[PDB]
Amino acid sequence: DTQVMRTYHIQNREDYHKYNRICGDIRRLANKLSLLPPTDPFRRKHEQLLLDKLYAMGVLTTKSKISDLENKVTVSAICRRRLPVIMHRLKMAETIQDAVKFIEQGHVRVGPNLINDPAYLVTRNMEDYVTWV
Amino acid sequence: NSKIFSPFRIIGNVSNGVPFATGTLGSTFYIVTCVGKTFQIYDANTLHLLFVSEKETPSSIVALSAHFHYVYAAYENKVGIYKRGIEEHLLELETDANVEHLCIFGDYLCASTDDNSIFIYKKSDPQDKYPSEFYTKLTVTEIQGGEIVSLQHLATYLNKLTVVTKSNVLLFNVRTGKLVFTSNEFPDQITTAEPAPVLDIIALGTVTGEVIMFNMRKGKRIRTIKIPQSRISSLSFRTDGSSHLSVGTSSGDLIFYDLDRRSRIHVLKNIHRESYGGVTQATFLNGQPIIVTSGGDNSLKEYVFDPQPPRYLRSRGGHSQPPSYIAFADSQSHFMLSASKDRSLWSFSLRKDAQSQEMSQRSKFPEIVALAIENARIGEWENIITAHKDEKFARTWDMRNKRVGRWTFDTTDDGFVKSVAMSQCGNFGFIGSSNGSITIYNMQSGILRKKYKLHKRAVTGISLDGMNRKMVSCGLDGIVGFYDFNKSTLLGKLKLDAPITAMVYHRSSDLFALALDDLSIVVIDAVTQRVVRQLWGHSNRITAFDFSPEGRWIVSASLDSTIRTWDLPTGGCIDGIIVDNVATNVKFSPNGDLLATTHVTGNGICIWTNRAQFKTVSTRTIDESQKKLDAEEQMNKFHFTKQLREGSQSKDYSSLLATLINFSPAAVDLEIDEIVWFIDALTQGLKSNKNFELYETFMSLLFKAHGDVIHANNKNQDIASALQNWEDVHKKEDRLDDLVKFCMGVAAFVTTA
Amino acid sequence: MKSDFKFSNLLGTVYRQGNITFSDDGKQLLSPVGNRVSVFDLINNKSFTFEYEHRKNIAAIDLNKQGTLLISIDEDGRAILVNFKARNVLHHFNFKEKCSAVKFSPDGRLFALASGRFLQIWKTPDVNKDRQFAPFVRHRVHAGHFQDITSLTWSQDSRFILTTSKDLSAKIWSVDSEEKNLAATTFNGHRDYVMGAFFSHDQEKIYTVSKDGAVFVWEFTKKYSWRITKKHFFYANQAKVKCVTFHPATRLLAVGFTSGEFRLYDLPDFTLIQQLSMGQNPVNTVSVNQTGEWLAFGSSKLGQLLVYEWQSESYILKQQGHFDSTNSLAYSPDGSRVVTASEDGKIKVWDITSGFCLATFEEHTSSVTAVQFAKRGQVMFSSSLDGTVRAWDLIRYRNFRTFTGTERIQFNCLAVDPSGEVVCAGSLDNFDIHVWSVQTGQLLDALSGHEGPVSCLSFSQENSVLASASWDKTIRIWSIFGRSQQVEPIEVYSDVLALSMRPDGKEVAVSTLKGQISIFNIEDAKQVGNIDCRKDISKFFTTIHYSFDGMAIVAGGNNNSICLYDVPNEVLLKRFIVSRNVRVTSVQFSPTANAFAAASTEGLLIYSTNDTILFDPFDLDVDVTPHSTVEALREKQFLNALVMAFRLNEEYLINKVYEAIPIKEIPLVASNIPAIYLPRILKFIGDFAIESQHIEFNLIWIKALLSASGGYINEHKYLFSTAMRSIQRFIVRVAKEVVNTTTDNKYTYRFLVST
RNA sequence: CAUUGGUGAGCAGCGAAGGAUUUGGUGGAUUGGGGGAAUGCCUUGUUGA
């Protein structure tokens, strides 16, 4: 909890409070669709409709299963979707804080656009476009 | 009287030489500076433009006074009691003599004249706003004392006025008019007097450098201060606890002297021009170690004591000599560059603050003959080229930093700089020497780029098109030079009958007018390379002329006091403005609103207003020495019965047609026999050669609503008589469609072909 | 050109929060917006003034009794004064703070300000000029209060002041120190906060309302005091009174709420006429007619930007939309009509040259990325990110087809042929451009030739060559109607987002990977490359357009201006948009060649080519007097009268010398005119044609002039194409108007023979 | 062999009775989900005073 804020170096505690509700939106939606008889094609199709969005959202990086919706959906999966967290992974940066300061004084170019927002969210598929200056 | 401009305002005025007034603004203070027939009210702590006189006086104001919230202005025989610049009251003194000094204490007004006669006024009620009633008249004969220097009032002196003279000091009981005290004859002539915050003591600064600490109760000296070779002009006392002395001099120097420790602290060296009187008034703040100095050099300065020598705090000033050459600094009509022959480089704001700032030369630079300014490259590099008198180089300047450039521009032909120019992109500078060479430099790097030599005399004006293609020039050997900017090729040249003194160029129309020695104005179309216009009528030389931004007018300023508007679609003079102070510079604003004129007398700049809300005027010289809304309204997606009976006997349907064409969509109206007379109105409406677009609507709505009433199931009744009167001119109206088929068909063909 | 280019109109009526007021005439509509000030009329909506001196986003505007004294109030709280035409005659710095209430005198003599916690009365001057440092002189002050004045009422006597404040008290002040009824009597006894106090014009009734929907009326009696007339206790509304206004008929009340409705009331009966709920978005401001016939109401920026006009008998007079920011524009094949693309997922129709919004189309699942027509006019098209791209009709209301067939959520760029036969679409993340048929919508072949994503798709008027810009430093040329494909050229620098083409198939401009703008031929020889973008408030090259005359290009980034260039190297102009906190995202030119387009968050559209500026086309002052020589040429020599008349550019001359000559002379003058005096008058005659009522007059002109040099203007196209457009729109618009009434008058006499 | 990096010395030219580099303060302009009962609560009925 507190150290998760410390490890991810989040600007605000309410930002953690946002994504728990955003996880809470998915989680009760994960509940109510699961509270159906197994013979329903409405049930079987629409679980897959929800999953196939969340792959390209980058929350489900690997290919996942039905029960992993209760499991793999965390706030930290959303916390990894932040811009400098993605920036540290592909190893053009050097530390966590180095990824911060380059967004601060503006050395990161995602595709054709200049971005200096620290709360920028990165998907699974748009990540090939981060360029230098 | 003028048919284009009206006198609008004057910017560039701070002081004139009159000693300033100071008054109370809540807890802070205000300062009243004089302009002439105008005054100005400023903040003490921040010096904001607060107030101004709303109406000019008949003559220049002699003495200024400031009561708690009131300003008292002294002129010919009248004193204006003003508040917030507004005339609340005006006294006229019962004399023809000129008012010199004023004094206000208790319930009194003291009005001194130049005939040694003073009028004393008293309030009716002590809670009144101002004295208004003539109480008494005192006269100072020559056996009583010298000429009155000032009028003062010390502490605890109720009903007693201190009238200092050239020879002695007088003390009056103004409730009675009695002179309760006379002093002895003084050896030195007194020029400056100042009240002390201690009791019964007045300071008496002499014509020489002597300060007379003079007791008023006993009538004696206790202390005098000897200053070698100074004329005392202003005196002020530090009233924050520290007992010190400031001595204004006529030289522009300010002598800081310590009273208790008996030491000369400092002297400000030439903070005002000795030629313009030096320090006219210097005044400490009450309880603050800040002194404000004024002079006759169109400026005011402020100085602080950091707890010690003084520190220069802030100042507001202008040109001390009337302006020579100016330029609009922006198209947003906010900033300007002004340069005068006092070797000063000022830059003015035009908004409600109307602030100013002198350009930084970081002992002055020599005075200026020409300017060159653009608005594309502020902050990126230098954007001002200045041509100085008797210099073989030009000086660059930055409007952003208000500071001088890094690049001086030598002519490289042993000649003085005579004409400067810039490119609209802000990249290249064009200078024309006194020998005839014109070099192109780069404003970013200060480098020699190109050099031309065709004129054998001094180059008087250089320009270039906004497309940076063709470069024009004019010289004193009659030569008009036409160059290509891309190449170095001589494109053309024209020789005139008179040498040319100035070149002003209109960029968005590619015209340039030229002031020649033959008193004519030669406006030139550059693309033709042809002299096209020439203007006549100016009896004397023109020094200033500029294009209207729409390219239609040129208002010129000549030595025969003629400021003439020249209309280009007629080629003639349409207006002449005859003044008493002739304008040295006329400058059209980038927007079509204002005019910048600098004059011979007066350090400020008169701005002139084109009315621009209307005109159709063309008067002359020398004087004193719909259509779819109704058809769209026809479809609906979701009285007059006098007039038809008047037209029943006659031809009276033009009025009914006027009521129908005026308002009232009449599908609802014509529903509430008579239709035969309606068809009569239709034939009379077809009789005119207009409004058939309404006639189509009327016939259409006639078919629509009442077509059953027209039908009547057994036709060829009397209805078909009026209809028979209709279809025969309907066939006359059937000609128009084939014309439209011609137009749309030919336009469709040329669309295909 | 050499014209002045600026906005005398704009895109979108109300985008930001503003007030609302009518005029005194009843035929004008004052519609403000948060940053600038624009004035409208009833019929033929045109933007009149443009007051922009604001750095903070609010505005207040009212006129005195005759519409010549006009102000605006921002949060900075200073005053600007224009007459009728945005002159800024007086720039009067009023305050550092804003004002809560402000009202003129009904006699136009005095002026009322409510700020801080006090009352400030200032002098109202007449119709005059500037020359004033302080044109406003204090008449009176009125002190004191307890806190800030929330609302204000005046008197017809202009000597009485009935006001209210936040302190729940209705204070009274005399204007000219008369001490009317010798008191400053505050009215109290209110259970909740007083929203509005209004004084009745009979000098008898005292209207008060509180925020609970309770209305209390008190009497003009000062036993001997003001007693009660009527009380209210409503506890069933569950809303808050947002805005309140009183009628000049002194019989009705009109109440606006926070709940997104508008309720109608009668004053002596205390009855509900009708309530009107249209949603949950609140009604911010409200304005009343000066006789009370029409009812309009303003709304919040976060709420609706949609203002609807009304009557006393409940029917809408005028409707309008204008939702969020503009992504692209598209010019109609006549150019008078303007469609909008926004983030909402709606496309809206706007004849904003006359202000009207006729209709809209709404089938989107997400936002729209581009809009573009077809030049036939039968069909326009939707370029959105909906997963399909659908086709549309003008006035027939039928989506033809939704073109799709692959799994795709992002359709970015698009191009069509001028014939309308095939439509190609560029997928963003998929490296394929897809052709689709006008027959059924068939995918014949798929074009996998890309390695970077596509950025622009542009097809030529030569109709043999497809041009494409992709995000892989490679410019792409293509042929479909032949038998093969063409080798695509290789760029030197610069992944390209923005591409521009000539409608001759020869000139092509590219935006580089910076502010350089380079142009070149079909033989890839670079003509110019334009320097980077300046203007700090980092580089942008987002949009570009080649002008229709073929002599200019317009460049747009997002650094809050726009740039102008010709076919040679140089800059024509640079027009900067002054605004406080990206700007530009679509640029194209008008087919009538009077302005061009600009898509922005704000919305601003026209560039105002003018004629008041003096030009010298053909050495004017060889023709010495512009009047007496013309009056000589109205008697004799009608050939030289028009050659002299074209060298002048005063329209008050052009109508008269163009009017004066007879009918028979017209084909003779059309026969003998030179060809260099031709394109500006053939350009002007189409825009000049739409206004006047002399249609047969100009008709006989354009038949002779049109018949005069048809082969030459066929030889000199790209200019007479535009002038041809400007006249042909007038041709078809009058044509379809008069043919219908011609037939509907034609069948009558044969029907008389029938029955 | 590379006026190759650093270090130091000297000369031409440029200026001549000083020059170059840094920093501080002051003044102005400008900017939450899933379950839950003994027990607390809510709501309704009920029991007598």
# chains A, B, ... in the order shown; residues from 1 in each chain; ligands from 1

call {"tool": "interface_residues", "arguments": {"of": "chain B", "to": "chain D", "cutoff": "12 Å", "atoms": "only C-alpha atoms (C1' of nucleotides)", "output": "ChimeraX atom specification"}}
result
/B:45-47,302-306,311-316,349,355-357,400-402

call {"tool": "write_last_selection", "arguments": {"atoms": "N, CA and C atoms", "output": "compact mmCIF listing (two decimals), in the first residue's frame"}}
result
# COMPACT_ATOMS: atom_id res chain seq x y z
N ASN B 45 4.85 56.02 -3.82
CA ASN B 45 5.60 54.78 -3.65
C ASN B 45 5.87 54.06 -4.96
N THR B 46 4.98 54.17 -5.94
CA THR B 46 5.06 53.38 -7.16
C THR B 46 5.04 54.21 -8.44
N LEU B 47 4.73 55.51 -8.36
CA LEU B 47 4.78 56.46 -9.49
C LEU B 47 3.85 56.07 -10.63
N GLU B 302 13.90 59.58 -8.09
CA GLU B 302 13.66 59.16 -6.71
C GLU B 302 14.92 58.52 -6.16
N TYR B 303 15.17 58.76 -4.88
CA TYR B 303 16.39 58.31 -4.22
C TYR B 303 16.07 57.84 -2.81
N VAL B 304 16.71 56.75 -2.39
CA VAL B 304 16.47 56.16 -1.08
C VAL B 304 17.77 56.16 -0.30
N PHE B 305 17.63 56.14 1.02
CA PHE B 305 18.76 55.98 1.95
C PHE B 305 18.71 54.55 2.47
N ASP B 306 19.59 53.72 2.00
CA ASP B 306 19.64 52.39 2.57
C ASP B 306 20.48 52.40 3.85
N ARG B 311 20.69 55.89 -2.65
CA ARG B 311 20.57 54.92 -3.73
C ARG B 311 19.48 55.36 -4.70
N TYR B 312 19.82 55.34 -5.99
CA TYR B 312 18.88 55.64 -7.06
C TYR B 312 17.78 54.60 -7.13
N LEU B 313 16.55 55.02 -6.80
CA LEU B 313 15.43 54.10 -6.69
C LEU B 313 14.72 53.88 -8.02
N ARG B 314 14.10 54.93 -8.57
CA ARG B 314 13.36 54.86 -9.82
C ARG B 314 13.06 56.28 -10.27
N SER B 315 12.81 56.42 -11.57
CA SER B 315 12.65 57.73 -12.18
C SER B 315 11.76 57.61 -13.39
N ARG B 316 11.06 58.70 -13.70
CA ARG B 316 10.24 58.76 -14.90
C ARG B 316 10.57 60.05 -15.64
N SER B 349 5.31 53.69 -23.85
CA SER B 349 4.07 52.93 -23.86
C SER B 349 2.91 53.85 -24.19
N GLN B 355 3.70 54.45 -19.73
CA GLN B 355 5.03 54.47 -19.15
C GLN B 355 6.10 54.65 -20.23
N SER B 356 7.33 54.87 -19.78
CA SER B 356 8.44 55.10 -20.70
C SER B 356 9.69 54.43 -20.16
N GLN B 357 10.66 54.23 -21.05
CA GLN B 357 11.94 53.66 -20.65
C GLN B 357 13.00 54.08 -21.65
N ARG B 400 13.91 44.41 -27.09
CA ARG B 400 13.54 43.46 -26.04
C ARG B 400 14.26 43.77 -24.74
N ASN B 401 15.58 43.91 -24.80
CA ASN B 401 16.38 44.17 -23.62
C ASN B 401 16.52 45.66 -23.34
N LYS B 402 16.00 46.51 -24.23
CA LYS B 402 16.13 47.98 -24.18
C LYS B 402 17.59 48.41 -24.17

call {"tool": "interface_residues", "arguments": {"of": "chain B", "to": "chain C", "cutoff": "6 Å", "atoms": "only C-alpha atoms", "output": "PyMOL selection string"}}
result
chain B and resi 8+508+550-552+570

call {"tool": "write_last_selection", "arguments": {"atoms": "C-alpha atoms", "output": "compact mmCIF listing (two decimals), in the first residue's frame"}}
result
# COMPACT_ATOMS: atom_id res chain seq x y z
CA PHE B 8 -5.79 63.93 -29.44
CA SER B 508 1.78 46.38 -49.28
CA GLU B 550 -4.68 51.86 -47.05
CA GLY B 551 -2.37 53.72 -49.45
CA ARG B 552 -4.92 56.42 -50.22
CA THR B 570 -7.58 62.37 -57.27

call {"tool": "closest_residue", "arguments": {"among": "D:8, D:3, D:13, D:32", "to": "chain A", "atoms": "only C-alpha atoms (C1' of nucleotides)"}}
result
D:32

call {"tool": "residues_around", "arguments": {"residues": "residue C:225", "least_positions_apart": "6", "cutoff": "12 Å", "atoms": "only C-alpha atoms (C1' of nucleotides)", "output": "list in words"}}
result
residues 181, 185, 187, 218 and 219 of chain C

call {"tool": "closest_atom_pairs", "arguments": {"of": "chain C", "to": "chain A", "cutoff": "12 Å", "atoms": "only C-alpha atoms", "output": "tab-separated table"}}
result
residue	atom	partner	partner_atom	distance
C:409	CA	A:53	CA	11.6
C:428	CA	A:126	CA	11.3
C:429	CA	A:126	CA	9.0
C:430	CA	A:125	CA	12.0
C:452	CA	A:129	CA	11.1
C:453	CA	A:111	CA	10.9
C:455	CA	A:112	CA	10.9
C:471	CA	A:112	CA	9.3
C:472	CA	A:111	CA	11.8
C:494	CA	A:112	CA	11.2
C:495	CA	A:112	CA	9.1
C:496	CA	A:112	CA	9.6
C:497	CA	A:112	CA	8.3
C:498	CA	A:112	CA	11.6
C:512	CA	A:112	CA	11.5
C:513	CA	A:112	CA	8.5
C:514	CA	A:112	CA	10.2
C:538	CA	A:114	CA	7.5
C:539	CA	A:114	CA	9.2
C:540	CA	A:113	CA	9.0
C:541	CA	A:112	CA	10.2
C:542	CA	A:112	CA	9.7
C:557	CA	A:113	CA	12.0
C:558	CA	A:113	CA	11.1
C:582	CA	A:113	CA	11.2

call {"tool": "write_last_selection", "arguments": {"atoms": "N, CA, C and O atoms", "output": "JSON list (two decimals), in the first residue's frame"}}
result
[["chain", "number", "residue", "atom", "x", "y", "z"],
["C", 409, "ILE", "N", -10.41, 0.03, -35.67],
["C", 409, "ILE", "CA", -11.04, 0.95, -34.74],
["C", 409, "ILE", "C", -10.55, 2.36, -35.06],
["C", 409, "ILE", "O", -11.10, 3.35, -34.56],
["C", 428, "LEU", "N", -4.56, 3.43, -39.83],
["C", 428, "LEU", "CA", -3.45, 4.01, -39.07],
["C", 428, "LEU", "C", -2.44, 2.95, -38.66],
["C", 428, "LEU", "O", -1.28, 2.98, -39.10],
["C", 429, "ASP", "N", -2.85, 1.99, -37.84],
["C", 429, "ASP", "CA", -1.95, 0.97, -37.33],
["C", 429, "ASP", "C", -1.79, -0.20, -38.30],
["C", 429, "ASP", "O", -0.81, -0.93, -38.21],
["C", 430, "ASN", "N", -2.72, -0.37, -39.23],
["C", 430, "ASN", "CA", -2.63, -1.37, -40.28],
["C", 430, "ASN", "C", -1.99, -0.73, -41.50],
["C", 430, "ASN", "O", -2.34, 0.40, -41.86],
["C", 452, "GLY", "N", 5.79, 2.16, -42.93],
["C", 452, "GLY", "CA", 5.38, 3.06, -41.88],
["C", 452, "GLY", "C", 3.90, 3.35, -42.01],
["C", 452, "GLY", "O", 3.28, 3.05, -43.03],
["C", 453, "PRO", "N", 3.30, 3.90, -40.96],
["C", 453, "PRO", "CA", 1.88, 4.25, -41.02],
["C", 453, "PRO", "C", 1.66, 5.42, -41.97],
["C", 453, "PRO", "O", 2.55, 6.25, -42.19],
["C", 455, "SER", "N", 0.01, 8.92, -43.44],
["C", 455, "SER", "CA", -0.21, 10.21, -42.81],
["C", 455, "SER", "C", -1.08, 11.14, -43.65],
["C", 455, "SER", "O", -1.78, 11.99, -43.08],
["C", 471, "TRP", "N", 4.56, 7.51, -42.71],
["C", 471, "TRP", "CA", 5.49, 7.81, -41.63],
["C", 471, "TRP", "C", 6.71, 6.89, -41.71],
["C", 471, "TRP", "O", 7.05, 6.20, -40.75],
["C", 472, "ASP", "N", 7.37, 6.88, -42.88],
["C", 472, "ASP", "CA", 8.56, 6.06, -43.05],
["C", 472, "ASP", "C", 9.61, 6.72, -43.95],
["C", 472, "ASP", "O", 10.38, 5.99, -44.59],
["C", 494, "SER", "N", 13.19, 13.59, -43.03],
["C", 494, "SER", "CA", 11.82, 13.99, -42.71],
["C", 494, "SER", "C", 10.65, 13.04, -42.95],
["C", 494, "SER", "O", 10.07, 13.09, -44.03],
["C", 495, "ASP", "N", 10.43, 12.09, -42.05],
["C", 495, "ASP", "CA", 9.10, 11.52, -41.88],
["C", 495, "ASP", "C", 8.02, 12.60, -41.95],
["C", 495, "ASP", "O", 8.06, 13.60, -41.24],
["C", 496, "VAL", "N", 7.05, 12.38, -42.84],
["C", 496, "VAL", "CA", 6.09, 13.42, -43.21],
["C", 496, "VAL", "C", 4.73, 13.11, -42.61],
["C", 496, "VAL", "O", 4.22, 11.99, -42.72],
["C", 497, "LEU", "N", 4.14, 14.12, -41.96],
["C", 497, "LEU", "CA", 2.75, 14.03, -41.55],
["C", 497, "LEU", "C", 1.85, 14.75, -42.54],
["C", 497, "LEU", "O", 0.77, 14.25, -42.88],
["C", 498, "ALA", "N", 2.28, 15.91, -43.04],
["C", 498, "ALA", "CA", 1.43, 16.78, -43.83],
["C", 498, "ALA", "C", 1.92, 16.89, -45.27],
["C", 498, "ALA", "O", 3.09, 17.21, -45.53],
["C", 512, "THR", "N", 8.11, 18.95, -43.39],
["C", 512, "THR", "CA", 9.29, 18.17, -43.05],
["C", 512, "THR", "C", 9.12, 17.62, -41.63],
["C", 512, "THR", "O", 8.01, 17.72, -41.10],
["C", 513, "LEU", "N", 10.15, 17.10, -40.98],
["C", 513, "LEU", "CA", 10.02, 16.62, -39.61],
["C", 513, "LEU", "C", 10.31, 17.76, -38.63],
["C", 513, "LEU", "O", 10.68, 17.53, -37.47],
["C", 514, "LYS", "N", 10.12, 19.00, -39.08],
["C", 514, "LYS", "CA", 10.36, 20.21, -38.32],
["C", 514, "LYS", "C", 9.57, 21.33, -39.00],
["C", 514, "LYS", "O", 8.70, 21.07, -39.84],
["C", 538, "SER", "N", 9.21, 21.38, -29.95],
["C", 538, "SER", "CA", 8.60, 22.71, -29.93],
["C", 538, "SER", "C", 8.05, 23.07, -31.30],
["C", 538, "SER", "O", 7.28, 24.03, -31.44],
["C", 539, "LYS", "N", 8.43, 22.30, -32.31],
["C", 539, "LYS", "CA", 8.13, 22.63, -33.70],
["C", 539, "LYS", "C", 6.91, 21.85, -34.17],
["C", 539, "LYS", "O", 6.69, 20.71, -33.73],
["C", 540, "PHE", "N", 6.11, 22.45, -35.05],
["C", 540, "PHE", "CA", 4.91, 21.83, -35.57],
["C", 540, "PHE", "C", 4.75, 22.13, -37.05],
["C", 540, "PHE", "O", 5.06, 23.23, -37.52],
["C", 541, "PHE", "N", 4.28, 21.13, -37.79],
["C", 541, "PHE", "CA", 4.12, 21.21, -39.24],
["C", 541, "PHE", "C", 2.83, 20.54, -39.69],
["C", 541, "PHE", "O", 2.75, 20.03, -40.82],
["C", 542, "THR", "N", 1.80, 20.61, -38.85],
["C", 542, "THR", "CA", 0.73, 19.61, -38.85],
["C", 542, "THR", "C", -0.16, 19.67, -40.09],
["C", 542, "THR", "O", -0.64, 18.64, -40.57],
["C", 557, "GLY", "N", 0.74, 25.02, -38.03],
["C", 557, "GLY", "CA", 1.28, 24.11, -37.03],
["C", 557, "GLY", "C", 0.35, 24.00, -35.84],
["C", 557, "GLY", "O", -0.83, 23.70, -36.00],
["C", 558, "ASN", "N", 0.89, 24.20, -34.63],
["C", 558, "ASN", "CA", 0.04, 24.37, -33.45],
["C", 558, "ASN", "C", 0.59, 25.43, -32.50],
["C", 558, "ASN", "O", 0.23, 25.43, -31.32],
["C", 582, "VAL", "N", -2.49, 23.70, -28.24],
["C", 582, "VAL", "CA", -2.47, 23.53, -29.68],
["C", 582, "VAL", "C", -3.58, 24.36, -30.32],
["C", 582, "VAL", "O", -4.63, 24.57, -29.72]]

call {"tool": "atom_distance", "arguments": {"atom1": "atom CA of residue B:628", "atom2": "atom CA of residue B:683"}}
result
23.5 Å

call {"tool": "atom_distance", "arguments": {"atom1": "atom CA of residue B:661", "atom2": "atom CA of residue B:729"}}
result
21.9 Å

call {"tool": "residues_around", "arguments": {"residues": "residue C:110", "least_positions_apart": "2", "cutoff": "6 Å", "atoms": "only C-alpha atoms (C1' of nucleotides)", "output": "MDAnalysis selection string"}}
result
chainID C and resid 105 123:124

call {"tool": "interface_residues", "arguments": {"of": "chain A", "to": "chain D", "cutoff": "10 Å", "atoms": "only C-alpha atoms (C1' of nucleotides)", "output": "count of residues only"}}
result
14
